[PDB]
Structure formats: C-alpha cells, structure tokens
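Quick heads-up: it's one chain on its own, the form deposited in one PDB entry, in structure tokens.
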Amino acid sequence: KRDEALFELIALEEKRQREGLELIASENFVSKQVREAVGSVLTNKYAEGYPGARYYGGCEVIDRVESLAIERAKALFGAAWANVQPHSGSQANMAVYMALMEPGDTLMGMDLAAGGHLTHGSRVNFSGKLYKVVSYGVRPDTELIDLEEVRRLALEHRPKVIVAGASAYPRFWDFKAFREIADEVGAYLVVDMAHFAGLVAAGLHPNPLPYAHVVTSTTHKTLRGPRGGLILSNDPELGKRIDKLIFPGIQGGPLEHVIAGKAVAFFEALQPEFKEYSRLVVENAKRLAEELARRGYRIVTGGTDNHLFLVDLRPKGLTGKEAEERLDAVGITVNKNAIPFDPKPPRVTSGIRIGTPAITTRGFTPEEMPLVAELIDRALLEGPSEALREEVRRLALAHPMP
C-alpha cells in the first residue's frame, strides 16, 4: 500500500518551496540528479570502513563511488586528503575535535552572538560541554573581527584548537593571520567553511586549505549538495588520524547513497556554470543589502563580501522573532539572528539573517533585488496581508525550481 498521507505532505512542501521566497542563508535547492543519487539503492549496503578496507564484502562498486567523491573533493578544493562520510557538518566538527583534543582541553571559537556556530563552543552543545571554551567576537564600532584581540586571547589562554569560520559573519577571513596566531601558541587551526564552501570552490572566497591544519564543511548550503558533511586537509598523516575518529570513533555505517550525491554535487561544482552561479549569489546579496539600506535598514558591517548579511532591527522597534513571523506570514522565510552585542536574549534577538543562495538557483538576478527589498520592507512596516502574500507568490512562481 502507498502511504498516501505522507506523499500528500511532500507535495505540500514542494508547493511551499515553489510559492515562496526562501531567504534563509543556509538553504539552497538541490538538482534533480543529486536527488536521484540520494534516493538510490546504495542505501542497501553496509560499508563500514573505507575503500579497499571494509569490514564486509560486496563493496567493490561502493568503493568506487566513495573514492570518486573523495578524489573530486580533493581536486575541487586542492586538498591532499578528504573524508566524505560525515553525516553532517556537526559530525564533521565532532570528529576533528576528538582527534586533536582530549576532554578538558581549551578550544577557541567565535562567540555565538558575534556570528559563531553552535559547534564553536556553545555550553548546550557538545563543544562547550567536553571542552573549556574561549570566545572572540567583533569590534563594537566596525563589527569586524580584530586580529589583535584574537591574538591576545590566544596568548593569554593558549588554546589547543582555534576555530575560524562562522554561520553569520558577512566578511572575508584572513586565514594566513589566523594560522600565524595559532603558530604563536602551538595550536591547530581548524577552519569550518560550511557556509562559504561554495564560494571557495568558485574562487570567490579566500581558500583556507593552505593555512588551516584541517577544514570541515557541510556538503549542502553554498556548495549546493546533499545534506551531509565533509573534512579536508593538506596533511594526509593528520587525515589518517581523523579517518579513525569518523569510523570506528563516532559513526557506524556511512550513508553511501548520500555520498553518491556528494560526488554528483562536486561534479556540478567543477562545471564553469557553478562559478557563474556563485558570482550571482554575491551580486544578489550586495545589491539586496544595498536596496534595504536605502530604505533605512541598518546592515551589520555596512554590507557583505559573501552570500549573507544581517539586518539590525533595533531602530525599527522590531525583535528578530517578530520580523521572522511577519515575513513568514507572507511566504518570505528568513531566521531571526542575534547581532553583535545584542541586548535581547537568543530566543528573541534583535535582527534577522538573509541569504541569496536559494533564490539565485531559481534564477533571480540583481535587477530583481529592488522588488524583493520592497516586499520585505512592506511586510515589516505594514504587517501581513493577503494582497502582499499574493504578490510574493506571483514573483516566486515566475521563477522555476530545479
């Protein structure tokens, strides 16, 4: 019997995605072929271990699939080693941490409020429970990272691992300087590029590979691949260590169907069209931030060098939570986001984060940004209304989905 109830819900989700403007910076739309690989029969095989060295037999074909994913990732980012088995960006980070540190060791990451990710030291996350955390933020004036403050904290606290990368920082990172700092205290530099991995692949963001000891990322988000994790490094000896922490350390059987999707995504990212897409992502972001600033909205750091930006809603008397609900009401999805030195708690926040990867995949162009800016503005000042919901629907329906 077909589970009609379940598939009807899936059909409702396809409609919502099609009829709305997804502006959540960590979302994107995967291609049909990525979905074909993920929904393949590769899910029927337990391939514990690594190519050429599996626990069980019958993996001759799976080994070639995983290997291709491995080699493509290396070629894409210019790495000497890769591990494509992490179930998620969180499991990727978990494995690296456990391979380089012992519980109790000091880990240094970006403050969640300043833009860091949950896995960079939050007390409610495994990162802050097992390790002693030290956090760096941004300057109160420019809202940019101050490398001398980072250096100071590093010399004072002497972390075993320093993490660069974030989920809500709109500017470029100086990986060379971060490595220098790490070298001064004998720490490992781990760069979590999950957010900007796609921009690095396209050459539109500084590559961390030559400076970091280890690099982690998701395969989804700007890279536009299936939901999952990835780990890279220019040091294969360190790589062997980390392979052990993924398996048998923290995971069991890998999701080979997903890994086949990663191979496909790396294949797509290697095509000239991917660079053109990424360029538009950035152009769309800058232009959208600009159109919103022209309307009286304050953009954190004043702009962006990447795919996302943060809007400070304090001047407009709106909490991030309220903005998110009003926009969601008309088919515009974002997520409330704490801003640097946010007076309000994390459950409320004072701002919202916006990203363009998703709508750029749907063919939105910089010339359309003024229209998107208008709808967002109206939704925040005038609140939700049927006519506004319709205007959003028509705009979205005019752009196809992959």
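Take the two forms, superpose them, and find the largest set of C-alpha atoms that agree within 1.5 Å; that set is the rigid core. Residue numbers run from 1 along the displayed sequence.
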Selected stretch [higher average CA B-factor]: 43-51 or 373-381: 373-381
Read off the CA B-factors in the entry, average them over 19-27 and over 390-398, and name the higher stretch. 390-398
Looking only at 33, 356, 349, 365, the Cα with the top B-factor belongs to 349
Deposited CA B-factor, highest of 70, 334, 62, 38: 334
Assert third(CA B-factor, residue 142) within chain per record equals highest
Can you tell me whether residue 291 has a C-alpha B-factor in the lowest, middle or highest third compared with the other modelled residues of the same chain? middle
Per the entry's values, where does residue 81 land by CA temperature factor relative to the rest of its chain, in the lowest, middle or highest third? lowest
Record-listed C-alpha B factor of residue 267: chain third: lowest
Split the chain's modelled residues into thirds by Cα B-factor; residue 317 lands in the highest
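Below: the form deposited in another entry, not depicted.
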With the two forms fitted on the rigid core, I'd like to know which residue in 344, 35, 45, 362 is displaced by 2 angstroms or more at its CA between this form and the one not shown. 344
Does residue 236 move appreciably between this form and the one not shown, meaning a CA displacement of 2 Å or more on the superposed rigid core? no
Rigid core superposed, CA of residue 315 - does it shift 2 Å or more between this form and the one not shown? yes
